[PDB]
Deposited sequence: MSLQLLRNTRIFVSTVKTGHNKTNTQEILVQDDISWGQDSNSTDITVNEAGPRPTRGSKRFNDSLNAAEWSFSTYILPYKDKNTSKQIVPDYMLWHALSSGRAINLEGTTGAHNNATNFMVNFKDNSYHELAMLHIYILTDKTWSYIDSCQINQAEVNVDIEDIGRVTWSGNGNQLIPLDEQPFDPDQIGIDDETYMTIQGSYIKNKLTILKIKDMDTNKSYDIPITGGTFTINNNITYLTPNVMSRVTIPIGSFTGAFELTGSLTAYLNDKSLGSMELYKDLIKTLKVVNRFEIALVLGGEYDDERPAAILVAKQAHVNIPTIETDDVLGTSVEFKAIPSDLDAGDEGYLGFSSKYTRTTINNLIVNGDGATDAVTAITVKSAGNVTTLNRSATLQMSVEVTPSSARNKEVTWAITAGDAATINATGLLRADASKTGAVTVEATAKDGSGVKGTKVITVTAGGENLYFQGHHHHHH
């Protein structure tokens, strides 16, 4: 028996001196449970919008995203935890190696009565990717204790969401009923866009609470400790020739999965388009992906299980998130490549030769160069290789040297150094040359 009451939830980093910097209202759904270590749970939606004061992309529950991801104090202008800019609101786990993550106090106003949960830790965020309910997040955690309050700890109307912001938030839902699991083998650069109809992904901190009231002579400086950071997903896809685009894509994906288990993935809630639209993205640069029944095409769709893995034990790079009300294919690609929608990734490389010559005599040298698109790209540097032929070699600085005796076509390849995997090529043919050579 759950009595449904008019409830308002607020989270704070403080117990006194509450203001709009350290406290925020949380727009919880009808499913909200708490009791008594105290345990709590509630849901919200990923609702990205333009903050009026800063003009930056934000979510109305950013303090929860921060507390899930970091042990430091909030700094939206930084590069870790919850952080943002005019292109997107971001979250990363690079600053999560702490016994205790950033502490929150959950204030509950219900039927003119106040209470609060003192000293909370956000253990888990489960994100829904069901096409009919995209971006629902179920938050769960614990608190040291639930305490009734005799009066208002602060003015909820002042501290809470104002009418103007509430209306903006209500129009910020990810409404496009589509999710795409983008999967890329970084060794071959083979990519696939898998439509997702069902499932969830979970960010779990595996927190262990210490049994309180166990008398210690010297106070134990933590009330709990984080466990292994786990970023996983259990999805359902509609995988076949039609859904991927062609029978060759589908056959190539089956071939790839037989020999490749590690991929760079991106789960795009709301899909990706060339015009500015809302989306929430989860990126895992090195994920273990399992699609066992790929060759079985059935009405239940196909199971896709993933486990994001860090590069090193405590790198905190298992994955990261990006949310915006105005994402595009371009800024989603930026997020996937660089970790930020605002940081331009390389999109195209045109290889050029000195004088636009397509031939080169034996023993001569030819300087190659690149025209990298877009010019706003963060890192425009390239690596140089010969991918076809043997009549020339190339320097690390793109100086092509024709062999002194060999002849033939060579394919010069420039590859982006920024993680995009973008390549550009030029064919140069080494020619014999008119030099009057003689037998000595």
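- Several segments of the deposited sequence are absent from the coordinates, namely 1-2, 39-66, 471-477.
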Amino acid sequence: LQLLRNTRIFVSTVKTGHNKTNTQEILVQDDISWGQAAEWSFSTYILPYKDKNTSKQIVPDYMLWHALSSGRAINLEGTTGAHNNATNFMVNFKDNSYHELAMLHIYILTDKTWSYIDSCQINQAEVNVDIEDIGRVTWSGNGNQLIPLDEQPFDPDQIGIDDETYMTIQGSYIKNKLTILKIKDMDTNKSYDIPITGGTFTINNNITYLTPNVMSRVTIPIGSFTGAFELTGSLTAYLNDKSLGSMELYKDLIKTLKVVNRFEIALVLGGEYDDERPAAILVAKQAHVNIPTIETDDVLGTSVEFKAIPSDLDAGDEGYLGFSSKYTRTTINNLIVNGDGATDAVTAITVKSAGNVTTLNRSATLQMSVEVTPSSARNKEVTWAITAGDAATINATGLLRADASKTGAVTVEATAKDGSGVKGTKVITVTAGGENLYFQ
From here on, numbers count along this sequence of modelled residues.
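- Of the two stretches examined, 239-247 and 106-114, the record assigns the greater average C-alpha temperature factor to 239-247.
- Remark: stretch with higher mean C-alpha B factor among 317-325 and 165-173 is 165-173.
- Residue set 36, 69, 415, 44: peak C-alpha B-factor at 36 (per PDB entry).
- Taking the deposited Cα B-factors for 404, 58, 382, 63, the highest one is held by 404.
- In the PDB entry, a CA B factor belonging to the highest third of its chain's modelled residues is recorded for residue 210.
- Ranked within its chain, residue 27 lands in the middle third, by CA B factor from the PDB record.
- Split the chain's modelled residues into thirds by C-alpha temperature factor. Residue 18 is in the middle one.
- Looking at the C-alpha B-factors along this chain, the one for residue 191 belongs to the middle third.
- Looking at the C-alpha B-factors along this chain, the one for residue 306 belongs to the middle third.
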